[PDB]
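We begin with a single chain expressed as structure tokens, specifically the form deposited without 4-(2-methylpropoxy)benzohydrazide.
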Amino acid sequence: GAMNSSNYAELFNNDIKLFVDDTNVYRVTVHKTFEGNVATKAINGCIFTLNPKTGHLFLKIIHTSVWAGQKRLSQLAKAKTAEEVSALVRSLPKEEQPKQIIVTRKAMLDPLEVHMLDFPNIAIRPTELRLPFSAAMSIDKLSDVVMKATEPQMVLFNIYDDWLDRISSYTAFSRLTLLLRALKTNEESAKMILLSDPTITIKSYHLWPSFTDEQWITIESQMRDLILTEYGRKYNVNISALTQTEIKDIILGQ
């Protein structure tokens, strides 16, 4: 049954789970051609597969060669996504295989179910949450590794850096979704907040700055301010009147 804010806590139990986001798999850029026309040109994409409990991000880079001279592309993209997720799962020992895979887009449900027939004990589920994982390509280190790729490959990161030494999975996931939601809402302002010191640095093996515990509280309130103020412009409501469960709903995407 679909994952929503009323049952999403399940993400942090002992049943290994993965989110799969396919929104960055098929990507184009617009460019000027040698005759002076304008055209689209495919660029590398990625499948974003995340364990929200451990932070492990399996970033499968989709090379443009996959698309070359191919028909029915939206069909292929989903097939490609399903193929790769199933191949990852199939490479893991049984004890590392997820119990559930949660797709961020309902369109991914059937293709993944078809490709996961070999895994009867793995539940494929849709979600009501409109999670901001599309904003993964706004994290500079992720964006660069994708763009520099010259062949298919998978790269693994901990998208929580070292946070789990200090905070719970529930807290880390809340922080991540807040950061991604803010990046999705206003990339430029979100990065300005992140670089506000800007002496607080990003370790070479990390995605985010090395903020202290109290510093993260502040960054998080600013990220929250960025999001809510924009929501307020759109809908004409008093931010401060919003309940806790209303604010979460906004961040998570319902």
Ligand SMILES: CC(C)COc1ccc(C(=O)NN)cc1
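Note that residue numbering begins at 1 and tracks the sequence as displayed.
Not on display, but discussed next: the form solved in complex with 4-(2-methylpropoxy)benzohydrazide.
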item	value
Shown-form site status with respect to 4-(2-methylpropoxy)benzohydrazide as positioned in the bound PDB entry after superposition (2.4 Å backbone/C-beta criterion, 3+ atoms)	blocked
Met108 within 4.5 Å of 4-(2-methylpropoxy)benzohydrazide in the bound PDB entry, heavy atoms	no
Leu178: touches 4-(2-methylpropoxy)benzohydrazide in the bound PDB entry, heavy atom cutoff 4.5 angstroms	yes
Interface membership of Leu129, 4-(2-methylpropoxy)benzohydrazide in the bound PDB entry, 4.5 Å heavy atom rule	yes
Residues from 40-64 in contact with 4-(2-methylpropoxy)benzohydrazide (non-hydrogen atom within 4.5 Å) in the bound PDB entry	none
